[PDB]
Amino acid sequence: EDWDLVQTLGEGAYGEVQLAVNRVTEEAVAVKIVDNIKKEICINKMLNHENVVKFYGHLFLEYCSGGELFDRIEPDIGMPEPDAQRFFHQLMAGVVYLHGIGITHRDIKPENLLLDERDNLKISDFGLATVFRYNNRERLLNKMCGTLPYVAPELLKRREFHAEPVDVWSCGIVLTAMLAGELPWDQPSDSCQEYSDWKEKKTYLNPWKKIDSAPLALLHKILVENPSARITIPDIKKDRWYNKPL
Ligand SMILES: CC(=O)Nc1nc2c(s1)C(=O)NCCC2
């Protein structure tokens with residue numbers, strides 16, 4: 001049970017992450033080194049799912065030899081549609097799970113989506129995650145959080161908003177990234193030309209031009225500005241592209 005620090009896997013944020021191999025058993029794990037932290041550990045303790053980075057102790061986290069999904073996205077091209085769909089199915093299984101136990105990640109992006117040895121996707125980094133349901137009671141969010149290109153529009157213009165649609169929106173931006181190798185906009189504000197174009201349905205422009213019509217139909221349903229109108233996860237599960245054999 002005396003781990004060794006073999007190499008640095010990741011850097012940035014308070015601390016840096018390293019690969020830790022057990023001396024005896026030789027189990028490989030990852031260590032996040034930070035000197036906010038109390039909640040991440042708290043939240044991690046609740047998490048048990050095959051599409052969420054496992055929490056071992058304290059941080060000691062499941063090791064993903066696959067790397068970041070981000071590094072499976074060729075710039076300006078994306079990836080083969082079948083891979084995108086499989087990654088999206090798993091991204092959805094993971095989110096359904098978090099929402100089921102009343103947790104929102106709040107920072108979904110390809111940098112926070114890891115892959116294991118069988119290319120299984122793992123939601124990682126709950127440092128920004130928070131509780132949005134407790135005792136069957138929903139709490140609206142009010143703190144602005146995340147990463148501008150993945151963030152939903154309501155987060156920028158409403159004092160308070162629901163947690164789930166914010167996560168749905170960001171999953172859509174990820175899907176866009178997977179099928180086009182580019183992010184549609186710097187942020188979903190009106191001042192942003194690229195977001196205004198999308199609202200006006202100018203889909204002949206990039207990145208939408210690069211996306212087949214079936215997936216794009218789903219992106220039209222996810223990237224809806226009104227969070228009340230935005231598609232929910234159970235309805236994403238019934239979507240034709242989502243259910244298209246590939
Ligand atoms: C490139 C890479 O492997 N980055 C990683 N960051 C982490 C990795 S891998 C990990 O294995 N587990 C939990 C999150 C920290």
# chains A, B, ... in the order shown; residues from 1 in each chain; ligands from 1
call {"tool": "closest_atom_pairs", "arguments": {"of": "chain A", "to": "ligand 1", "cutoff": "7 Å", "atoms": "only C-alpha atoms and all ligand atoms", "output": "tab-separated table"}}
result
residue	atom	partner	partner_atom_place_in_ligand_line	distance
A:9	CA	ligand 1	2 (C)	4.8
A:10	CA	ligand 1	4 (N)	4.9
A:17	CA	ligand 1	15 (C)	5.9
A:29	CA	ligand 1	11 (O)	6.7
A:30	CA	ligand 1	11 (O)	4.9
A:32	CA	ligand 1	15 (C)	6.6
A:53	CA	ligand 1	13 (C)	6.1
A:61	CA	ligand 1	13 (C)	5.2
A:62	CA	ligand 1	12 (N)	5.2
A:63	CA	ligand 1	11 (O)	3.5
A:64	CA	ligand 1	11 (O)	3.9
A:65	CA	ligand 1	3 (O)	6.1
A:66	CA	ligand 1	3 (O)	6.7
A:67	CA	ligand 1	3 (O)	4.1
A:68	CA	ligand 1	1 (C)	5.6
A:114	CA	ligand 1	9 (S)	6.6
A:124	CA	ligand 1	14 (C)	5.6
A:125	CA	ligand 1	14 (C)	6.4
call {"tool": "write_last_selection", "arguments": {"atoms": "N, CA, C and O atoms", "output": "compact mmCIF listing (two decimals), in the first residue's frame"}}
result
# COMPACT_ATOMS: atom_id res chain seq x y z
N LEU A 9 0.42 13.12 -14.91
CA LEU A 9 -0.59 12.86 -15.93
C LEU A 9 -1.20 14.16 -16.42
O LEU A 9 -1.43 14.34 -17.61
N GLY A 10 -1.49 15.04 -15.47
CA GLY A 10 -2.11 16.31 -15.73
C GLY A 10 -1.52 17.41 -14.87
O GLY A 10 -0.89 17.15 -13.85
N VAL A 17 -1.86 16.47 -11.22
CA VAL A 17 -2.20 15.05 -11.09
C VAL A 17 -1.05 14.12 -11.49
O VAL A 17 -0.35 14.37 -12.47
N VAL A 29 -3.29 3.84 -10.15
CA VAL A 29 -4.30 4.85 -9.84
C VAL A 29 -3.77 6.24 -10.16
O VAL A 29 -2.61 6.40 -10.53
N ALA A 30 -4.62 7.25 -10.01
CA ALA A 30 -4.23 8.62 -10.28
C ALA A 30 -4.37 9.47 -9.02
O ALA A 30 -5.32 9.30 -8.26
N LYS A 32 -4.55 13.33 -7.46
CA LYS A 32 -4.70 14.77 -7.60
C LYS A 32 -4.11 15.44 -6.36
O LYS A 32 -4.48 15.11 -5.24
N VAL A 53 -15.56 8.70 -12.93
CA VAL A 53 -14.26 8.39 -12.36
C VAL A 53 -14.38 7.97 -10.89
O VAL A 53 -14.85 8.74 -10.05
N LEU A 61 -7.97 8.59 -7.34
CA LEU A 61 -9.04 8.47 -8.31
C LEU A 61 -8.72 7.41 -9.35
O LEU A 61 -7.56 7.16 -9.66
N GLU A 62 -9.76 6.78 -9.88
CA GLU A 62 -9.60 5.77 -10.92
C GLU A 62 -8.65 6.25 -12.02
O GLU A 62 -8.70 7.40 -12.45
N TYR A 63 -7.78 5.35 -12.48
CA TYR A 63 -6.82 5.69 -13.52
C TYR A 63 -7.36 5.41 -14.93
O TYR A 63 -7.81 4.30 -15.22
N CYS A 64 -7.30 6.42 -15.79
CA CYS A 64 -7.82 6.31 -17.15
C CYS A 64 -6.69 6.35 -18.18
O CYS A 64 -6.28 7.42 -18.63
N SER A 65 -6.17 5.18 -18.53
CA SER A 65 -5.01 5.10 -19.40
C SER A 65 -5.37 5.57 -20.80
O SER A 65 -4.50 5.71 -21.65
N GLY A 66 -6.65 5.81 -21.04
CA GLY A 66 -7.12 6.26 -22.33
C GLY A 66 -6.83 7.72 -22.62
O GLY A 66 -6.65 8.11 -23.78
N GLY A 67 -6.79 8.55 -21.58
CA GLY A 67 -6.55 9.97 -21.74
C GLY A 67 -7.83 10.77 -21.82
O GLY A 67 -8.89 10.31 -21.39
N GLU A 68 -7.74 11.98 -22.38
CA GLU A 68 -8.90 12.85 -22.50
C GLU A 68 -9.61 12.63 -23.82
O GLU A 68 -8.95 12.44 -24.85
N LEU A 114 -12.76 11.39 -19.53
CA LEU A 114 -11.61 10.52 -19.66
C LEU A 114 -11.98 9.16 -20.24
O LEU A 114 -13.15 8.79 -20.26
N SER A 124 -15.05 13.17 -15.16
CA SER A 124 -13.99 13.48 -14.20
C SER A 124 -13.96 14.93 -13.74
O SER A 124 -14.27 15.84 -14.50
N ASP A 125 -13.58 15.14 -12.48
CA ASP A 125 -13.40 16.49 -11.93
C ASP A 125 -14.67 17.14 -11.39
O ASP A 125 -15.35 17.88 -12.10
call {"tool": "select_by_dssp", "arguments": {"residues": "segment 4-243 of chain A", "states": "strand (DSSP E or B)", "output": "ChimeraX atom specification"}}
result
/A:4-10,16-22,28-33,52,55-57,60-62,67-68,74,78,103-104,113-115,121-123,130-131,133-134,137-138,141,161
call {"tool": "write_last_selection", "arguments": {"atoms": "N, CA and C atoms", "output": "short mmCIF file (atom, residue, chain, number, x, y, z; two decimals), in the first residue's frame"}}
result
data_model
loop_
_atom_site.label_atom_id
_atom_site.label_comp_id
_atom_site.auth_asym_id
_atom_site.auth_seq_id
_atom_site.Cartn_x
_atom_site.Cartn_y
_atom_site.Cartn_z
N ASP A 4 3.83 4.57 -5.59
CA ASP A 4 4.92 5.32 -6.19
C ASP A 4 4.34 6.33 -7.17
N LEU A 5 4.96 7.49 -7.28
CA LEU A 5 4.53 8.47 -8.27
C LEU A 5 5.34 8.31 -9.56
N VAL A 6 4.76 7.58 -10.51
CA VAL A 6 5.45 7.22 -11.75
C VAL A 6 5.63 8.41 -12.69
N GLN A 7 4.57 9.18 -12.89
CA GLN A 7 4.65 10.34 -13.77
C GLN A 7 3.51 11.31 -13.56
N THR A 8 3.71 12.54 -14.02
CA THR A 8 2.65 13.54 -14.05
C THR A 8 1.70 13.26 -15.22
N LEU A 9 0.42 13.12 -14.91
CA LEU A 9 -0.59 12.86 -15.93
C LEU A 9 -1.20 14.16 -16.42
N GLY A 10 -1.49 15.04 -15.47
CA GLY A 10 -2.11 16.31 -15.73
C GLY A 10 -1.52 17.41 -14.87
N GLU A 16 -1.44 19.36 -9.07
CA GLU A 16 -1.25 18.67 -10.34
C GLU A 16 -1.52 17.18 -10.15
N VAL A 17 -1.86 16.47 -11.22
CA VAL A 17 -2.20 15.05 -11.09
C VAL A 17 -1.05 14.12 -11.49
N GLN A 18 -0.87 13.05 -10.73
CA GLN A 18 0.16 12.06 -11.03
C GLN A 18 -0.36 10.63 -11.07
N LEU A 19 0.37 9.77 -11.76
CA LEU A 19 0.05 8.35 -11.81
C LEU A 19 0.72 7.66 -10.64
N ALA A 20 -0.05 6.89 -9.88
CA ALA A 20 0.48 6.20 -8.71
C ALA A 20 0.26 4.70 -8.79
N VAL A 21 1.35 3.94 -8.84
CA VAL A 21 1.28 2.49 -8.90
C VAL A 21 1.60 1.88 -7.55
N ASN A 22 0.74 0.99 -7.08
CA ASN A 22 0.99 0.30 -5.82
C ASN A 22 2.25 -0.57 -5.93
N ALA A 28 -2.72 0.38 -10.51
CA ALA A 28 -2.45 1.72 -10.99
C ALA A 28 -3.62 2.65 -10.64
N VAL A 29 -3.29 3.84 -10.15
CA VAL A 29 -4.30 4.85 -9.84
C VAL A 29 -3.77 6.24 -10.16
N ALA A 30 -4.62 7.25 -10.01
CA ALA A 30 -4.23 8.62 -10.28
C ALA A 30 -4.37 9.47 -9.02
N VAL A 31 -3.42 10.37 -8.81
CA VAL A 31 -3.42 11.20 -7.61
C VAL A 31 -3.50 12.68 -7.95
N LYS A 32 -4.55 13.33 -7.46
CA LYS A 32 -4.70 14.77 -7.60
C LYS A 32 -4.11 15.44 -6.36
N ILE A 33 -3.18 16.37 -6.57
CA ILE A 33 -2.43 16.97 -5.48
C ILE A 33 -2.78 18.45 -5.24
N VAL A 52 -18.34 7.22 -14.42
CA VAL A 52 -17.87 8.28 -13.54
C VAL A 52 -16.56 7.82 -12.93
N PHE A 55 -13.79 7.21 -7.08
CA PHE A 55 -13.06 7.81 -5.98
C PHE A 55 -12.64 6.72 -5.00
N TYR A 56 -11.35 6.63 -4.73
CA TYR A 56 -10.83 5.58 -3.85
C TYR A 56 -10.65 6.07 -2.41
N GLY A 57 -9.86 7.12 -2.23
CA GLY A 57 -9.64 7.70 -0.92
C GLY A 57 -9.00 9.08 -0.99
N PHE A 60 -7.28 10.10 -4.41
CA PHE A 60 -7.01 8.86 -5.13
C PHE A 60 -8.19 8.50 -6.03
N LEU A 61 -7.97 8.59 -7.34
CA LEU A 61 -9.04 8.47 -8.31
C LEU A 61 -8.72 7.41 -9.35
N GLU A 62 -9.76 6.78 -9.88
CA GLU A 62 -9.60 5.77 -10.92
C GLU A 62 -8.65 6.25 -12.02
N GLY A 67 -6.79 8.55 -21.58
CA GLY A 67 -6.55 9.97 -21.74
C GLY A 67 -7.83 10.77 -21.82
N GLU A 68 -7.74 11.98 -22.38
CA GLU A 68 -8.90 12.85 -22.50
C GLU A 68 -9.61 12.63 -23.82
N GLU A 74 -9.91 15.11 -33.71
CA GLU A 74 -9.04 15.74 -34.69
C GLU A 74 -9.56 17.14 -35.00
N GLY A 78 -13.07 16.28 -36.34
CA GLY A 78 -13.84 15.60 -35.31
C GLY A 78 -13.44 14.14 -35.19
N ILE A 103 -26.79 15.38 -8.27
CA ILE A 103 -25.52 16.06 -8.52
C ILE A 103 -25.37 16.61 -9.94
N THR A 104 -24.93 17.86 -10.04
CA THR A 104 -24.57 18.46 -11.32
C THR A 104 -23.07 18.75 -11.37
N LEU A 113 -13.60 14.60 -19.75
CA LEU A 113 -14.14 13.30 -20.12
C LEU A 113 -13.00 12.33 -20.43
N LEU A 114 -12.76 11.39 -19.53
CA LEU A 114 -11.61 10.52 -19.66
C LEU A 114 -11.98 9.16 -20.24
N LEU A 115 -10.98 8.44 -20.74
CA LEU A 115 -11.20 7.13 -21.33
C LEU A 115 -10.34 6.09 -20.61
N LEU A 121 -15.85 5.86 -21.48
CA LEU A 121 -15.81 7.26 -21.08
C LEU A 121 -16.10 7.42 -19.59
N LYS A 122 -15.39 8.34 -18.95
CA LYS A 122 -15.52 8.58 -17.52
C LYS A 122 -15.61 10.06 -17.22
N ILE A 123 -16.70 10.48 -16.59
CA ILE A 123 -16.83 11.87 -16.17
C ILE A 123 -15.89 12.16 -14.99
N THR A 130 -21.97 20.47 -7.72
CA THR A 130 -22.78 20.87 -6.58
C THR A 130 -24.09 20.08 -6.51
N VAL A 131 -24.72 20.12 -5.35
CA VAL A 131 -26.00 19.44 -5.13
C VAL A 131 -27.14 20.33 -5.61
N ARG A 133 -30.42 18.70 -5.95
CA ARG A 133 -31.61 18.09 -5.35
C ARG A 133 -31.21 17.43 -4.05
N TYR A 134 -31.96 17.72 -2.99
CA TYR A 134 -31.74 17.09 -1.69
C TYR A 134 -33.08 16.88 -1.01
N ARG A 137 -36.03 17.63 -3.10
CA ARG A 137 -36.31 19.06 -3.22
C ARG A 137 -35.28 19.76 -4.11
N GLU A 138 -35.75 20.39 -5.18
CA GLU A 138 -34.82 21.04 -6.11
C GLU A 138 -34.43 22.45 -5.65
N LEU A 141 -29.81 27.01 -9.20
CA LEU A 141 -28.43 27.48 -9.05
C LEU A 141 -28.38 28.98 -9.28
N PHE A 161 -31.34 29.65 -12.19
CA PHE A 161 -31.69 28.73 -13.26
C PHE A 161 -31.59 27.28 -12.80
#
call {"tool": "residues_around", "arguments": {"residues": "residue 170 of chain A", "least_positions_apart": "5", "cutoff": "9 Å", "atoms": "only C-alpha atoms", "output": "ChimeraX atom specification"}}
result
/A:106-109,149-152,165,175,223
call {"tool": "closest_residue", "arguments": {"among": "A:168, A:98, A:91, A:230", "to": "residue 129 of chain A", "atoms": "only C-alpha atoms"}}
result
A:98
call {"tool": "select_by_dssp", "arguments": {"residues": "segment 26-190 of chain A", "states": "helix (DSSP H, G or I)", "output": "number ranges by chain"}}
result
A: 37-46, 69-72, 81-100, 110-112, 148-150, 154-157, 164-180
